[PDB]
Amino acid sequence: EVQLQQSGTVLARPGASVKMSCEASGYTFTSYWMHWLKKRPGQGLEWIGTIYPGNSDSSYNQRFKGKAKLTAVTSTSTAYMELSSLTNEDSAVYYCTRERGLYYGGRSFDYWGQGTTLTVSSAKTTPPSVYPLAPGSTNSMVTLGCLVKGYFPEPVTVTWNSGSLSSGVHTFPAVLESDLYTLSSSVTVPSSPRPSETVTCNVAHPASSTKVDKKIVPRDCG
Amino acid sequence: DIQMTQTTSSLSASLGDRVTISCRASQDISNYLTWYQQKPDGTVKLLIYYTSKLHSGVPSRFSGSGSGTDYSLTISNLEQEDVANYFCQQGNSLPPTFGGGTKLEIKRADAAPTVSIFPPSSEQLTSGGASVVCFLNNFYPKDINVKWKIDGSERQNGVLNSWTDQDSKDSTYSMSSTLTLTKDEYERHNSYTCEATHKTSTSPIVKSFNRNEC
C-alpha cells in the first residue's frame, strides 16, 4: 500500500558527513509529514525532526539542531537526511516514517521504512582471520567451531561444508573489539562421523572480497 | 520532556496465552497513546492509536487500555508471529517520545547448557594472540552467567560474550564466551576454566583444560 524504501547500510568516518534517503510511494508525498527517528540498541526510539514536502516546512529537536538537516524532493518523492560532524554516538539505525492524525488531537506514525543502519568508525576495511576450533587431547556428540577475528566492516558469512550442515549450528552476533569485529560459529555432529569425514567452516567477507575455508582437524601432540 | 518508560524489557509467555505490555508516562498525555510492533527483520507496524483504537488491518486479538499516565497493550491469543518487540509513543506533546520497548519471547521447559571449551589454535599463536572460546548452547531460560577462572584467580578482562536471539524452532538460547589474551600471558598460566551457572542446576557447569597437557 504505502511503501517507504530507505537507503542501504552506510559506513562513515568521525568528523565526516552522511546522507540517507527514503523513497515514498503509494500516496501523495506532498501532503503528509515525514519523520526521522534514531534507534540505538540499549535505548528507545528518538525523534530527530520532520519535514513537510511541498513547502519544505521543518521542525527539529533541540538536540539535533545543527546536526541533522532534513530535505525533500517532490519529483522523485524522496526524503533525505544529512548528518554532519559525525561521532560514534551517531552510530545507530535511522527510521523514516509518515505522520497521520488518526484521531483529532493526536500524533501517530502509520507507515515506516525498513530502517537504515549507520556505522561510524575510524577503522579501515580489514580482512578476517579464521581459526579452527578443535577440542583438546568424549560423548556421543562433539562440538566444533571456527573463530572469525579482526574483520571490518560487517557482515561476514559463515557456513559448514558449503552448507551441507545446516543443523546443530550456532553462529553468533559479532562484537566490537578495538574497532574490529569478531564472531564465532559452532557446529555439532555425532562423534561417530568426525575425524573420519571432513568438517569445514567457510567464511566470506565480501567487503574485502575474501573467501576462506578452514577444515577442522584434530590437534594431536608431538 | 514527557518520558515514556516500559519497566519490563523482556516478557515470556506461551502460545494461546493472554499477554499484557505496560507503558507509563511522566505526565498526563490525555489518552493520546499509540502502540507499535517491531519484528526481528526490523519492520514496524502500527497497532493501536488513542489508547484503545485499533488500526485498519490489525487482528482483533489486539487490544489497548489505560488513562492518564498508565497504558497497556493486550494480546488475547498469542500466535507465533506475535513474537516481537512492542513499544509505545505519546502523541500529546512535542517532541514525540517512545518507550524502550518490551521484547516478547516464548516459554518452554528449562534446559541446561551444553558446554564446550576450546584452547587457542596453533594458527592464532603464530600471530601473537590467544583466544580461549567457550560455547554454551541450547539452554533456557536466557538469564545466565559465565565465569572465567585462570588457575585460582578470576579474570574479567578480555572476555567478550555474544548471545543469540531466541531460536524460533526449539525456543532455546545459545551463547559464546571468548577470553582473549596475548601469547605471553597465555603461556605464563596453566589452568583455564569456563564456569556456567544456570537455573537448571545448583552446581556450575565446569569445562577446563591445561596448556601443558597434550
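Residues numbered from 1 in each chain as written, not as in the entry; some residues may be left out. Chains lettered and ligands numbered in written order. Heavy atoms only, no water.

## Brief notes about the sheet that holds strand β13 (residues 129–139) of chain B
All names here are of chain B. The line we're drawing: Here the rule is simple: two strands pair whenever DSSP picks up at least two bridges between them. Each helix is a run of H or I in the DSSP string that is no shorter than four residues. Each strand is a run of E no shorter than two, and both are numbered from the N terminus. Working convention: axes come from line fits to C-alpha atoms, limited for helices to the stretch in contact. Angles between N-to-C directions cover 0 to 180 degrees.
What the four strands build is an open sheet, ordered β12-β13-β17-β16; its pairing is antiparallel. With partners counted over all chains shown, the strands left at the sheet margins are β12 (114–118) and β16 (159–163), one partner each. In this sheet, adjacent strand axes meet at a mean angle of 15° when their direction is disregarded. Pairing geometry for β16 and strand β17 (residues 173–182), over five bridges, is antiparallel. Each residue of the ladder has a partner; that of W163, found in β17, is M175.

## Examining the domain arrangement of chain B
Residue and element names in this part refer to chain B. This is how it is decided: Residue ranges for the domains trace back to a domain assignment, done automatically or taken from a database. Accessible area that two parts lose when put together, with a 1.4 Å probe and added across both, is what the buried area reports. Salt bridges, as used here, are contacts in which a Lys or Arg side-chain nitrogen is within 4 Å of a carboxyl oxygen on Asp or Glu. In protein, a polar contact requires one atom able to donate a hydrogen and another able to accept it; more generally it is a pair of N or O atoms within 3.5 Å, and residues adjacent in sequence count only if both atoms are side-chain atoms. Residues were grouped as follows: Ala, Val, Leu, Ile, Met, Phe, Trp, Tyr, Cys and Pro as nonpolar; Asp, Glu, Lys and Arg as charged; and all remaining residues, including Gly, as polar.
Domain annotation of chain B identifies domain 1 (1–107) and domain 2 (108–211). Between the C-alpha centres of domain 1 and domain 2 the distance comes to 36 Å. In total, about 560 Å² of surface goes out of reach between domain 1 and domain 2, with carbon and sulfur atoms giving 35% of it. Of all residues in domain 1, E105, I106 and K107 bury the most surface against domain 2, accounting for 74% of the area lost on that side. Here domain 1 and domain 2 share zero salt bridges between them. Taken together, domain 1 and domain 2 are joined by two residue pairs in polar contact. Contributions of two or more residues to the side of domain 1 that touches domain 2 are made by β2 (10–13) and β11 (102–106). It is β11 that provides the largest number of residues to the side of domain 1 that touches domain 2, a total of three residues. For the side of domain 1 that touches domain 2, a count of residues per class yields one nonpolar, two polar and three charged.

## Some remarks on the nonpolar core
Short version of the rule: What we call a nonpolar core is a set of buried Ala, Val, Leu, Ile, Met, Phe, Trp, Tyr and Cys residues that are connected through their side-chain atoms within 4.5 Å. Exposure categories follow from relative accessible area, calculated using a 1.4 Å probe and restricted to protein chains: below 20% of the type maximum is buried, above 50% is exposed, and the middle band is partly exposed.
Membership of the largest hydrophobic core comes to 26 residues, with the highest contact counts inside it found for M34, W36, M81, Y94 and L118 of chain A. For this core, the element with the highest residue contribution is strand β3 (residues 18–24) of chain A, accounting for four residues.

## Structural notes on the state of the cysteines
How we decide: Here, two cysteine sulfur atoms that lie within 2.5 Å of each other are counted as a disulfide.
Enumeration over the complete set of coordinates arrives at five disulfides over all chains. Residue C146 of chain A pairs covalently with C201 of chain A via a disulfide, S to S 2.0 Å. Between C146 of chain A and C201 of chain A the sulfur-sulfur dihedral comes to about 130°; the bridge is accordingly right-handed. In this pair, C146 of chain A is assigned in strand β13 (residues 141–151) and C201 of chain A in strand β18 (residues 200–205), connecting sequence segments 55 residues apart. Each member of the pair, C146 of chain A as well as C201 of chain A, carries the same accessibility label: buried. Covalently, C23 of chain B is tied to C88 of chain B through a disulfide, its sulfur atoms 2.0 Å apart. When the S-S torsion is 65°, as for the bridge of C23 of chain B with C88 of chain B, the disulfide is right-handed. Taken together, the residues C23 of chain B in strand β3 (residues 19–25) and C88 of chain B in strand β9 (residues 85–90) connect sequence positions 65 residues apart. Like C23 of chain B, the residue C88 of chain B is buried in the burial classification.

## Quick word on the packing of aromatic side chains
What counts here: By convention, a stacked pair of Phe, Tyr or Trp rings (six-membered ring in the case of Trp) has centres within 6.5 Å and planes under 30 degrees apart, an edge-to-face pair has planes over 60 apart, and any other such pair is tilted. Throughout this description, the term charge over a ring refers to an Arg CZ or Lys NZ atom that lies within 6 Å of the ring centre and within 35 degrees of the ring normal.
Scanning the entire structure with this criterion turns up 18 aromatic pairs over all chains. A ring pair is formed by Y95 of chain A and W112 of chain A, whose centres lie 5.9 Å apart and whose planes are at 75°; its orientation type is edge-to-face. Of this pair, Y95 of chain A sits in strand β9 (residues 92–100) while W112 of chain A sits in strand β10 (residues 108–112), placing them 17 residues apart in sequence. For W112 of chain A, a relative accessible area of 8% gives the class buried. Residues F172 of chain A and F135 of chain B carry aromatic rings whose centres are separated by 5.6 Å and whose planes lie at 5° to one another, so their mutual orientation is stacked. Highlighted residues: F172 of chain A in the loop between β15 (169–171) and β16 (175–177) and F135 of chain B in strand β13, drawn from two different chains. Among the aromatic residues, ring-to-ring pairing joins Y95, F109 and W112 of chain A together with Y36, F87 and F98 of chain B into one connected group. For the cation-ring pair, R211 of chain B lies above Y186 of chain B, with the distance from its terminal atom to the ring centre recorded as 5.7 Å.

## Observations concerning the interface of chain B and chain A
Many structure descriptions define interface size as the accessible area lost when the parts assemble. Note the threshold: Contacts were defined at the residue level, with two residues in contact if any of their heavy atoms lie within 4.5 Å.
Contacts between chain B and chain A engage 44 residues on the former and 41 residues on the latter. Carbon and sulfur atoms make up 64% of the surface buried where chain B meets chain A, a total of about 3,800 Å² over both sides. Of all residues in chain B, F98, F118 and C214 of chain B give up the largest surface area on contact with chain A, accounting jointly for 15% of the area buried on that side. Taken together, chain B and chain A are joined by one salt bridge. With a closest N to O distance of 2.4 Å, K214 of chain A and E123 of chain B form a salt bridge. For the pair chain B and chain A, the number of links is 16 residue pairs in polar contact.

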